[PDB]
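Below: one structure, written as structure tokens.
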Amino acid sequence: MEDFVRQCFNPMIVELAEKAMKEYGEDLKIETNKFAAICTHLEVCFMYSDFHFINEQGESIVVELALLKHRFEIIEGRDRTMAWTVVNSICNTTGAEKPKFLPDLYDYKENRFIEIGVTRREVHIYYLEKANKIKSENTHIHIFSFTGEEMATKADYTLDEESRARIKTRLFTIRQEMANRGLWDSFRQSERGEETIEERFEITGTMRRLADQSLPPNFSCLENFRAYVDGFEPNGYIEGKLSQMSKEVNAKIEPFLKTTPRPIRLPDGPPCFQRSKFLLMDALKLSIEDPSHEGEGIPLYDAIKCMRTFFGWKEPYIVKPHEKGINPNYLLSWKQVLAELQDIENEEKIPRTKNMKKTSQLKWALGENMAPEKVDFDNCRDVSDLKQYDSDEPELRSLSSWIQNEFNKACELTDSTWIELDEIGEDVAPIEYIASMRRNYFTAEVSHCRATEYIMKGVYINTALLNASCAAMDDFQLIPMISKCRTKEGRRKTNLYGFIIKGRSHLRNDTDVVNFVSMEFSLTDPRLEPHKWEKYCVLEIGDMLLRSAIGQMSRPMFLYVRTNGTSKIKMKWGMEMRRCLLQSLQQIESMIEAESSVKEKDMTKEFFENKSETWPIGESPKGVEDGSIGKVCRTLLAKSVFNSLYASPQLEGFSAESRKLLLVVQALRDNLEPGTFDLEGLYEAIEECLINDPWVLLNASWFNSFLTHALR
Amino acid sequence: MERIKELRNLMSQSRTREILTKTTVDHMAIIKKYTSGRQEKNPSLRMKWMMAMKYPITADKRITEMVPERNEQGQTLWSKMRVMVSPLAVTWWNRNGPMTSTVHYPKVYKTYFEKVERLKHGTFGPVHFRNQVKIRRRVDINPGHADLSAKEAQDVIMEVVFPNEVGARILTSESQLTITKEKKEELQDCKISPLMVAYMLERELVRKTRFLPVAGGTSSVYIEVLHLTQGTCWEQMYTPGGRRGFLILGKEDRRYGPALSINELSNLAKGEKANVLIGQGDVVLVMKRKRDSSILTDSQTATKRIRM
């Protein structure tokens with residue numbers, strides 16, 4: 001590089017190399033290796049003939065700090081003309097003959113010319129070109145190297161060891177600190193004999209033929225195309241092309257008025273059904289009633305102790321058939337679960353985990369006999385009744401009124417805590433105080449919500465199921481559903497929800513599926529909404545005593561049984577649900593900051609402790625209702641939880657298109673004269689992202705209800 | 001003994017043999033990057049699984065005669081099949097164990113120890129809520145050392161940490177930077193780690209700059225607190241508060257005896273010449289200087305030889 005040469009050599013050498021390049025007719029930017037070669041050659045030549053003098057008696061001595069012969073005269077510091085003149089003068093006054101080319105220096109002590117060479121390859125090969133280039137004449141040749149080598153004619157180095165050592169060390173140091181910065185390879189691979197070449201690159205072959213037909217249709221050779229491109233001047237091409245284009249190519253704007261938008265069309269058909277992993281609104285718990293503070297045991301024993309606290313089991317019987325399968329298998333599975341839970345005592349050693357006996361009904365439930373067999377296509381080419389795959393158009397379903405009820409119930413408050421966060425250091429800066437009060441208010445408002453209970457349930461269940469699947473691979477293990485909380489007065493409590501029986505898990509990748517069957521307790525009669533439960537089998541198993549008010553009243557107890565299998569990736573997806581709180585806090589803080597940016601002061605006080613402010617987040621036949629800040633915080637948390645629990649691409653598409661439409665509507669409401677180019681296609685996108693998911697249908701209904709009020 | 005024996009059988013297989021024979025030292029770093037590209041199999045879950053089992057940590061032999069097998073409670077600390085140990089052994093060492101002086105720690109981690117002194121000797125002002133525009137320029141995150149450039153900082157680091165593996169430059173000049181003397185005197189018997197000391201010395205001695213969108217202070221002390229000073233729509237005001245001349249003649253000669261190490265050139269003689277190993281494998285013949293050979297105005301005096 002240029003900067004390296006600038007900072008390495010002294011300027012006195014530098015101006016001469018530039019003059020030499022100008023005389024030659026080269027450039028310093030295009031080629032740089034030749035610059036370094038000339039600088040090194042000039043430096044070596046100047047160093048080779050310095051601090052040398054010869055006394056009148058004929059002996060040569062080295063001195064530092066009167067009029068004595070210099071014993072050397074420089075020729076390389078001069079251009080061709082005066083170099084030839086001085087060479088002619090000296091050979092005439094000494095009787096010498098003109099050798100051929102320009103020698104480097106002349107020594108009076110031996111009365112003979114000297115040539116100096118520096119090479120990047122090794123000396124032995126480089127010697128021969130100089131030897132056979134100049135022959136049958138008296139001219140010494142000395143060759144150095146960048147790695148300590150040296151060689152001269154007749155092995156008579158007419159110099160002391162010290163100067164040669166200095167030259168060799170200078171060359172070694174320049175090479176050593178050149179190779180460190182990353183410039184030695186190109187410099188070394190740049191000497192093609194006695195010239196310097198920057199680089200080389202040619203097409204020369206199959207690449208040329210391939211490049212030949214990679215051109216516009218009116219060309220045949222790459223060179224002709226390059227020549228045409230090089231001599232290009234723009235006269236009128238763009239305007240001329242534009243003048244002869246048809247007028248149907250246009251982008252016309254149609255105004256967006258208050259009467260323009262129309263409600264979105266929803267699909268029609270049979271009602272939808274629940275498809276969540278665990279039921280949410282219709283669950284109860286069997287509390288363990290404050291275990292000891294030192295109690296930390298296996299979940300199986302906790303489940304057993306929770307079970308022993310209930311009396312009232314009866315003969316179970318089916319109340320709602322699954323209409324696809326065998327219900328006696330479900331009855332036998334439940335009875336086997338009860339029997340194998342009770343039969344623990346017939347063991348000399350108490351086990352840690354329970355492995356279920358492989359029974360016919362369990363095998364049918366887990367689908368261990370419905371595995372298709374795989375053979376090569378060659379033998380089964382002649383078989384009949386062969387289809388591609390399950391490439392069937394999805395069914396269309398309408399919207400029911402139970403998802404709204406679930407969302408309504410998910411935003412209420414409970415009597416437990418469900419979450420306890422740890423502590424941090426004390427605050428000093430005022431911004432730390434502001435952040436602390438913000439997060440303290442947010443934590444206080446949403447601590448006792450039901451969505452936290454759902455998050456904890458999902459995390460515990462997914463972690464336990466993943467651990468069981470990774471531990472045992474060829475056993476039918478029993479996995480309980482267990483959660484923990486703190487009571488109002490401050491007693492830890494453990495709750496049991498149901499049971500899960502896992503099949504066979506041999507997972508090699510992250511897409512393989514593992515099957516299981518789930519049984520859950522409930523008090524909700526399925527005969528009120530038969531359409532909601534379509535993939536469930538419901539049993540009546542016992543009676544429950546309620547202590548509400550005076551006296552004791554009995555209600556039936558039901559069991560919901562379902563067969564499923566999720567994934568290996570979705571277990572990891574379910575283990576991270578604590579991020580919804582973070583997202584809700586981010587949204588609240590973003591709104592606070594956005595409002596505070598305009599009214600340039602701190603708005604954390606006008607949001608929380610103010611009690612005269614209300615936000616419209618409700619609806620009724622009367623109209624639009626209002627609520628407090630805690631209510632909207634819980635609503636956002638519930639929305640995040642339900643978004644986590646009902647993931648689908650339809651949600652992504654609907655969210656994007658609805659975001660665009662909402663932005664257009666908001667632009668309309670600000671008196672900014674909006675406009676569109678194609679309002680329909682956005683709509684047909686919105687309906688084509690509206691196939692089956694009840695959550696997306698509820699979101700579309702919410703958008704329609706927002707639209708009917710936003711412009712009225 | 002072990003290393004030479006491991007090198008011997010590596011020559012038996014040819015496929016590795018031309019790898020060793022045809023590869024220069026300068027290309028070693030080219031070879032070192034052909035390792036692998038796939039390891040991240042959910043590291044958090046793997047760590048959680050490994051922390052559940054007993055004896056998940058590896059240690060050396062001598063821990064067998066420094067830590068008892070069982071504690072007062074009666075729990076095993078290490079087991080026999082490097083040996084396998086549990087974190088209980090680490091906690092026991094932190095509770096009961098030998099004590100050593102820690103006087104060298106403030107001299108090595110001083111760049112970290114200045115930050116706390118700057119922070120806890122500071123004061124705060126009010127916070128302003130408004131809108132602001134942030135511009136960009138070159139910001140210095142490491143101030144470095146004055147009167148020291150990037151070229152000789154590496155030289156100082158090599159001289160202090162690896163005195164026996166320097167070659168060519170630093171070995172032929174006749175000088176000594178002052179800071180090297182104090183750095184060698186202070187760390188006379190420091191036994192923490194060569195690599196850690198080298199990294200910390202480079203961190204506190206070498207400067208480097210970057211680009212940041214800062215709308216406040218420009219000096220280096222205002223950069224490390226950028227997360228506390230600026231915000232989306234707020235501004236917080238804050239103040240910090242507070243080796244002789246040698247020349248090489250050629251490669252190794254077989255008539256001048258076995259080569260010697262860098263640290264054994266102290267004896268030398270009054271002009272003897274001998275072989276020496278320098279750099280990462282170079283072997284050269286050296287002999288000291290009978291003169292000055294400096295860089296004074298004499299180099300410019302060559303101008304008298306031209307333009308008469």
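Ordered as shown in the structure tokens, chains take letters A, B, and onward, while each chain numbers its residues from 1 and ligands are numbered from 1 in the order shown.
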
Can you tell me, as a ChimeraX atom specification, what residues are no more than 7 Å from range 253-261 of chain A when counting only C-alpha atoms, ignoring any on the same chain fewer than 3 positions away?
/A:674-677,711

Please build the interface table for chain A against chain B with a cut-off of 10 Å, listing for each qualifying residue the nearest atom pair and the distance in Å to one decimal; count only C-alpha atoms, order rows by chain and increasing number, and write it as a Markdown table.
```
| residue | atom | partner | partner_atom | distance |
| --- | --- | --- | --- | --- |
| A:10 | CA | B:299 | CA | 8.7 |
| A:11 | CA | B:300 | CA | 9.6 |
| A:12 | CA | B:300 | CA | 7.4 |
| A:13 | CA | B:303 | CA | 9.9 |
| A:46 | CA | B:302 | CA | 7.9 |
| A:47 | CA | B:299 | CA | 9.2 |
| A:50 | CA | B:302 | CA | 8.2 |
| A:51 | CA | B:298 | CA | 9.6 |
| A:64 | CA | B:298 | CA | 9.2 |
| A:65 | CA | B:298 | CA | 8.6 |
| A:70 | CA | B:305 | CA | 9.7 |
| A:72 | CA | B:305 | CA | 9.8 |
| A:73 | CA | B:305 | CA | 7.9 |
| A:74 | CA | B:305 | CA | 7.5 |
| A:75 | CA | B:306 | CA | 9.6 |
| A:77 | CA | B:306 | CA | 7.3 |
| A:78 | CA | B:306 | CA | 8.7 |
| A:147 | CA | B:250 | CA | 8.1 |
| A:148 | CA | B:250 | CA | 5.1 |
| A:149 | CA | B:250 | CA | 6.7 |
| A:150 | CA | B:250 | CA | 9.0 |
| A:161 | CA | B:249 | CA | 8.0 |
| A:162 | CA | B:247 | CA | 8.3 |
| A:163 | CA | B:247 | CA | 9.9 |
| A:164 | CA | B:249 | CA | 7.7 |
| A:165 | CA | B:249 | CA | 5.3 |
| A:166 | CA | B:247 | CA | 6.5 |
| A:167 | CA | B:247 | CA | 9.4 |
| A:168 | CA | B:249 | CA | 7.0 |
| A:169 | CA | B:248 | CA | 6.0 |
| A:170 | CA | B:247 | CA | 9.3 |
| A:172 | CA | B:168 | CA | 7.4 |
| A:173 | CA | B:168 | CA | 6.0 |
| A:174 | CA | B:169 | CA | 9.4 |
| A:176 | CA | B:168 | CA | 7.4 |
| A:177 | CA | B:169 | CA | 8.2 |
| A:179 | CA | B:26 | CA | 8.4 |
| A:180 | CA | B:26 | CA | 9.0 |
| A:428 | CA | B:124 | CA | 8.7 |
| A:429 | CA | B:124 | CA | 6.8 |
| A:430 | CA | B:127 | CA | 7.3 |
| A:431 | CA | B:127 | CA | 7.4 |
| A:432 | CA | B:228 | CA | 9.6 |
| A:467 | CA | B:49 | CA | 9.4 |
| A:572 | CA | B:45 | CA | 9.8 |
| A:593 | CA | B:233 | CA | 7.3 |
| A:594 | CA | B:233 | CA | 8.6 |
| A:596 | CA | B:129 | CA | 7.8 |
| A:597 | CA | B:233 | CA | 6.0 |
| A:598 | CA | B:130 | CA | 8.0 |
| A:599 | CA | B:130 | CA | 8.6 |
| A:600 | CA | B:130 | CA | 5.2 |
| A:601 | CA | B:129 | CA | 5.2 |
| A:602 | CA | B:129 | CA | 6.9 |
```

Worksheet item: When DSSP works through the backbone of this structure, what residues of range 435-585 of chain A end up as alpha helix (DSSP H), shown as a ChimeraX atom specification?
Response: /A:435-445,450-471,569-574,579-585

Selection near residue 445 in chain A, 10 Å with only C-alpha atoms, sequence-local residues under 4 positions removed, as a PDB file with N, CA, C and O atoms, in the first residue's frame:
```
ATOM      1  N   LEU A 413     -60.332 -11.245  38.484  1.00  0.00           N
ATOM      2  CA  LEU A 413     -59.380 -11.356  39.579  1.00  0.00           C
ATOM      3  C   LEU A 413     -59.681 -12.587  40.425  1.00  0.00           C
ATOM      4  O   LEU A 413     -60.827 -13.036  40.521  1.00  0.00           O
ATOM      5  N   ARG A 439     -43.198   0.058  37.300  1.00  0.00           N
ATOM      6  CA  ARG A 439     -43.254  -1.398  37.340  1.00  0.00           C
ATOM      7  C   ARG A 439     -43.948  -1.898  38.600  1.00  0.00           C
ATOM      8  O   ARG A 439     -44.591  -2.949  38.566  1.00  0.00           O
ATOM      9  N   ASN A 440     -43.860  -1.153  39.705  1.00  0.00           N
ATOM     10  CA  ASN A 440     -44.576  -1.541  40.914  1.00  0.00           C
ATOM     11  C   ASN A 440     -46.080  -1.457  40.707  1.00  0.00           C
ATOM     12  O   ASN A 440     -46.815  -2.374  41.090  1.00  0.00           O
ATOM     13  N   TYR A 441     -46.556  -0.371  40.091  1.00  0.00           N
ATOM     14  CA  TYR A 441     -47.979  -0.268  39.787  1.00  0.00           C
ATOM     15  C   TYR A 441     -48.417  -1.380  38.841  1.00  0.00           C
ATOM     16  O   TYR A 441     -49.452  -2.026  39.060  1.00  0.00           O
ATOM     17  N   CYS A 449     -54.311 -12.094  38.520  1.00  0.00           N
ATOM     18  CA  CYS A 449     -55.105 -12.404  37.342  1.00  0.00           C
ATOM     19  C   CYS A 449     -55.109 -13.907  37.061  1.00  0.00           C
ATOM     20  O   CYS A 449     -54.251 -14.662  37.527  1.00  0.00           O
ATOM     21  N   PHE A 608     -51.956   6.492  36.584  1.00  0.00           N
ATOM     22  CA  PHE A 608     -52.247   5.439  37.549  1.00  0.00           C
ATOM     23  C   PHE A 608     -53.067   5.923  38.738  1.00  0.00           C
ATOM     24  O   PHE A 608     -54.137   5.374  39.016  1.00  0.00           O
ATOM     25  N   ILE A 629     -57.497   1.616  34.624  1.00  0.00           N
ATOM     26  CA  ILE A 629     -56.199   1.250  34.063  1.00  0.00           C
ATOM     27  C   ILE A 629     -55.862  -0.208  34.365  1.00  0.00           C
ATOM     28  O   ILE A 629     -55.286  -0.913  33.526  1.00  0.00           O
ATOM     29  N   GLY A 630     -56.202  -0.686  35.564  1.00  0.00           N
ATOM     30  CA  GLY A 630     -55.963  -2.085  35.876  1.00  0.00           C
ATOM     31  C   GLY A 630     -56.741  -3.013  34.963  1.00  0.00           C
ATOM     32  O   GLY A 630     -56.242  -4.068  34.560  1.00  0.00           O
ATOM     33  N   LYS A 631     -57.966  -2.621  34.612  1.00  0.00           N
ATOM     34  CA  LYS A 631     -58.779  -3.441  33.723  1.00  0.00           C
ATOM     35  C   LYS A 631     -58.146  -3.550  32.340  1.00  0.00           C
ATOM     36  O   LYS A 631     -58.110  -4.637  31.753  1.00  0.00           O
ATOM     37  N   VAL A 632     -57.621  -2.441  31.809  1.00  0.00           N
ATOM     38  CA  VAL A 632     -57.007  -2.494  30.484  1.00  0.00           C
ATOM     39  C   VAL A 632     -55.687  -3.259  30.538  1.00  0.00           C
ATOM     40  O   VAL A 632     -55.321  -3.952  29.581  1.00  0.00           O
ATOM     41  N   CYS A 633     -54.957  -3.160  31.652  1.00  0.00           N
ATOM     42  CA  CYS A 633     -53.736  -3.949  31.802  1.00  0.00           C
ATOM     43  C   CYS A 633     -54.046  -5.443  31.792  1.00  0.00           C
ATOM     44  O   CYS A 633     -53.375  -6.229  31.106  1.00  0.00           O
ATOM     45  N   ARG A 634     -55.070  -5.852  32.547  1.00  0.00           N
ATOM     46  CA  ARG A 634     -55.466  -7.257  32.548  1.00  0.00           C
ATOM     47  C   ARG A 634     -55.976  -7.689  31.179  1.00  0.00           C
ATOM     48  O   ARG A 634     -55.737  -8.824  30.754  1.00  0.00           O
TER      49      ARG A 634
END
```

Atom pair CA of residue 510 in chain A + CA of residue 474 in chain A, distance 18.4 Å
